[PDB]
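**Student:**
In the entry's author numbering, the protein residues as written are 264 to 362.
(1) Taking the straight line between their C-alpha atoms, what separation do you get for residue 362 and residue 345?
(2) Give me, in chain order, the residues of the same chain whose beta-carbon lies closer than 6 Å to that of residue 319; leave out the 5 immediate sequence neighbours on both sides.
(3) Pull the bridge partners of residue 333 from the DSSP assignment, please.
(4) Please confirm whether residue 295 and residue 303 have their CB atoms less than 7 Å apart.
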């Protein structure tokens, strides 16, 4: 029920998103995506376990919750951080820590 405490909007891709600037520290090697929060998008790279990134957006799309951030080169990356059951709203365990 995060939409009860945070403002969410919907974009042209049908993605539910909220503006949020925090830090995410991965507890596993995560595959990132380019252009948007879809596993069908080209792979951007891999966020290694233990690394921390600062994101500015949180999105719900393609069965996961994702965070958006920019790398040191300015490349926009979409990082999946947990599963999201679109048919129930059920969220899987966070694949790291948020602060």
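A virtual CB, placed ideally from N, CA and C, is assigned to each residue, including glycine.
**Tutor:** Result, derived from the coordinates:
(1) 16 Å
(2) 284
(3) 339
(4) no
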